Each structure stands twice: as C-alpha cells, then as structure tokens.
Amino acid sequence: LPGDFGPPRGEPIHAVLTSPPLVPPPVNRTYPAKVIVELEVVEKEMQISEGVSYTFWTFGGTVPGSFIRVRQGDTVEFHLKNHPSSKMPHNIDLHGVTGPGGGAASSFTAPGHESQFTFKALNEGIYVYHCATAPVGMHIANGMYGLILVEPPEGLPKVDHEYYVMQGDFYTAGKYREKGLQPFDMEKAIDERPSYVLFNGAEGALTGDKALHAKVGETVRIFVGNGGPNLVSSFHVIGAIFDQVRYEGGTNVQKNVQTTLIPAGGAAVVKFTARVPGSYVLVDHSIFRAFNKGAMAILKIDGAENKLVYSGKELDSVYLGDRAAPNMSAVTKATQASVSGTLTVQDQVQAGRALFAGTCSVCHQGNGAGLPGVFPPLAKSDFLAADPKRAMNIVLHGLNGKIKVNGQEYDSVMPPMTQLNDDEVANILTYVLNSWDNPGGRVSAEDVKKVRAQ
C-alpha cells in the first residue's frame, strides 16, 4: 500500500483544527503518528448576507468546516460529535479515506451522540470532506463541508502565508438579498439554480476588512475547496496568475495559469507570488456568480508600486461594486431596525450609502454629479425632487428617452434594476434624497412594493 511508513510512533497527537480562512501549522514531523481528530457538528443561524439569516449545518461552527491537517502515513482516530441542540443526524465522508463511504457508515451520529472510526491516511493531497447523511444534497447545501490536508512525508515547500477558501452554492427560498431568515429551497437545489454562490459561507466573508493579506515579494498558498453541492468553479484570480495548481493528491501540477476548473467536491492547492500592491480577486469566472451571487474573495497585497510592471490604480467600486468598502454593516443594522419597528431615516441613509456604491455610482458618480450631458446628476437633482415616485419607477424599470435634468438634456438609457429588493430600492433612494442638497424625506419598502406591483 502507499503511505507504507510503518506503525505509528511517538506520542498520540491531538490535532489542532483551524477555522477558515486560517490553516493549522505544517505538521513538521518525520515519523507517522496516531492523530486524534475531534470535530463537532453545530446547527446554527448565521448571516449569509447582510440582514439575511440562514440555518447552517456546520462542522465546527463555520462554513467551510474546521481545517484538518495530517501527514501521509498517519493513523487518524476520527471522533465526530453532534451537538445536543441539533435536530438532524449527521456523519462524515472524508475524501482521501480508503474505505466505504470515506467513513460514512461508521460515523452516523444522532443529536447529543458521538461516533468514532480509525483510518490510515494512505493518500497525500488536499481533499474535501462532507456530510453523507440522506438527503445528502440537503446536508451539503446547508454548509456541511470542509478540507483535510494530508501532507507528503517531507512536508510542502515553505511559503509566507497559507489560507483556506472554499466555494459553495446555496439555495434560499427567497431571492438574492431578500431579507429575513431564508429556508433551504429543495426545488432550486435539484435544478442547480443557486441564489448565492459564496466563498466561506457568506457574502463579503473575504472582502473589505475580511480580505486575506500579504506583502509584495511574499508567497501565498491557498487551499481551495469546492463544496458544491452542484456547481463547478471556473476558479480565477483577477490581475494575477497562479504559479502552481495541483488538484487533490494528483501527480500532475499545472504551472502559470490564471483560470482553472474545480469539480464539485474537488479541491486544489494554488500558489501565488505577490508582485505589485493592490487587491487580487478570487472569483468563479462563471461571471454572474462572481458579480451577482457573491462569489468574490480578496487577497490584498501591501507594498511599493512598480510602475515598470503596472502603472495603474487599486480597485474600486466600478469593478468590486458594494464590496470595495470595508463592510456593509449599515445594511445589517437597517434590516434589524426594520424588524424591531425602529427604522430611522438615518438607518436608511447609511444602508443606502453602502448599496449605492457600484450599483448607482458607476454612472452617477460617488458624489452624484454624473457627467454633464452623459449621465445626469443625482446631486441637487430637480428631476428627482419633482417626483419621488417616478424615481422608484426609474430604479425598478429603467429610464430612456430625452429628459431634462438641472437645465441639460440627456438622451440615454438607464437599465432596469428589478433584481433589487424593495428595502434596497427604498434605502438607496432615501440615501440619495438625504444627500447633496436633495429635499430629504424617505422612501419605504412598502412604497416600493406598491410601485413594483403597479
């Protein structure tokens, strides 16, 4: 058999697991060991997007689940616990395990119970693990996946940083960015029609103030999973290249590629060398996932510009949209205040400010000035002030034809923005009305609901 390094030696090792996007330290060991892994399933509500809650089923309290790191040749004694608060039974299938179900039939664990099984890690590589409890797709869709690294005996080459990034497709009853506690939607799941496609379990999980970091000159290794359940990632780094891409424990290593296909249930190790500063975007380049469903993550590089290599600027909201900013916490706060019945004008303003970035600013500018004769102003806009209901219709349904704004004719096309939810339209317009010497007041979600229905 592969991994024939003899019986376990030394002392038993209690594995230290990490939460995304961090990775345990290299094992730094020259002998096979008995490694005890303890992982606890927790079912819990978390925010999948601002003001959007979802009941996740997790390994270790996170999506993806805790990262496990062992050495090829190790004997792993795997303990799965199911927290007493759980409603469902759970189990585990670790890719890389040699044995039926990857552990599944010996890890069935009812709420409040524990199971264990032992396996030898014969297979070096990066591997997905996931729940294997019928209906398996529901469990995976609810977040039950993570990565296990089985190191080669000599260890991986040293790098400056190691990170943990895992894609998933998610299925809510409601549409993208519809607020509230969103149930799992089996119909969308069977159809492979996700409402969100995310890295690390949430919109913005790895953007803004949650970005990954490194410095010019440093090397970064990313362990990249695709939990699925259903999608295949056209995994890509914007503005950079991967030095190496290696799938699972494969012998083949691809070098110097920017775009690489990760199967559902697959995993890869990628390596990046930081060359010039700025934000490097990890995406699924099936582009509507990246830019319409949440599938964007950032590696932000600090250091000196090199004008011989790249003369240009850091990213902003034209490309990154509303994820250029550190966070969109104002949206969470406004949503909470709506639930509580305490939504103020300022709550709406600050939420709308966050959402305006990209969504409106690309054309109207971050200061609402537009560009005279090309994009009309929202700042001190006579046309806006004249008819706030018309403005709700414009956002929902677009606008074309000749108009006059602040004394100048425009004859262009504003696309419809019907995918915005009622609260989003309301908040954005309340922001605009309360900025730039506009007349104030507010637009409510109910106001927008009525226009959308007419």
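Quick note: we count residues from 1 along the sequence shown, nothing fancier.
Q: For the higher mean C-alpha B factor in the entry, choose 268 to 276 or 370 to 378.
A: Between 370 to 378 and 268 to 276, it is 370 to 378 that shows the higher mean C-alpha B-factor.
Q: So which stretch wins on mean C-alpha B-factor, 82 to 90 or 121 to 129?
A: In the deposited entry, the stretch with the higher C-alpha B-factor mean is 82 to 90.
Q: Go through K188, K158, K179, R246 one by one and give the residue whose Cα B-factor in the PDB entry is largest.
A: Highest C-alpha B-factor among the listed options: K158.
Q: Per the coordinate record, which of the options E154, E77, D74, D284 holds the highest CA temperature factor?
A: Comparing C-alpha B-factors across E154, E77, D74, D284, the maximum falls on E154.
Q: Is the Cα B-factor recorded for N427 in the lowest, middle or highest third of its chain?
A: Middle third by C-alpha B-factor.
Q: Please place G312 in the lowest, middle or highest third of its chain according to the CA B-factor in the PDB entry.
A: Highest third, going by the recorded CA B-factors of the chain.
Q: Please place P416 in the lowest, middle or highest third of its chain by C-alpha B factor as given in the entry.
A: According to the entry, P416 has a C-alpha B-factor in the chain's highest third.
Q: Sorting by Cα B-factor within the chain, modelled residues only, which third would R289 end up in: lowest, middle or highest?
A: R289: CA B-factor falls in the lowest third of its chain.
Q: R69: which third of its chain by C-alpha temperature factor?
A: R69: CA B-factor falls in the lowest third of its chain.
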